[PDB]
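As a starting point, one isolated chain is supplied in structure tokens, in the form deposited in one PDB entry.
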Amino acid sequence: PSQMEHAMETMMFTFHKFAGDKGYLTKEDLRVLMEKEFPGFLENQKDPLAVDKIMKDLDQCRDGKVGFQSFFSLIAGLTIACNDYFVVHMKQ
């Protein structure tokens, strides 16, 4: 019930929805997740291999499996840059 609890819940559910019962993301689940849930980031940085570069960044164990924790880094990275952009706006 607070606004933050709702937000954390939606990140958790989001990840589980695309991870299914195995509970990890494969490059292809990652790809479907990003196209559906990170359009904003996908429409702005137009490299054909964005998802391929994120996956190599995210798969520290080099086993093709993205856990919640690694997934969370992605979210962190993008939320912080979104904040940098938001603060730089602040003006008149």
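Only the largest set of C-alpha atoms that superpose within 1.5 Å between the two forms is called the rigid core. Each residue number is its position in the shown sequence, starting from 1.
A.B. asks: Out of 79 to 87 and 64 to 72, which one has CA B-factors that are higher on average in the deposited record?
C.D. replies: Taking the mean B-factor of the alpha carbons in each, 79 to 87 is higher.
A.B. asks: Mean C-alpha B-factor higher for 25 to 33, or for 49 to 57?
C.D. replies: The recorded data point to 49 to 57.
The protein also exists as the form deposited with a partner chain bound; that form is not presented, and the subsequent description refers to it.
A.B. asks: Taking heavy atoms and a 4.5 Å cut-off, does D29 contact its partner chain in the deposited bound form?
C.D. replies: It does not: once its partner chain is placed as it appears in the deposited bound form, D29 has no heavy atom within 4.5 Å of it.
A.B. asks: Any chance the CA of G64 moves 2 angstroms or more between this form and the one not shown, core superposed?
C.D. replies: The answer is no; the displacement is under 2 Å.
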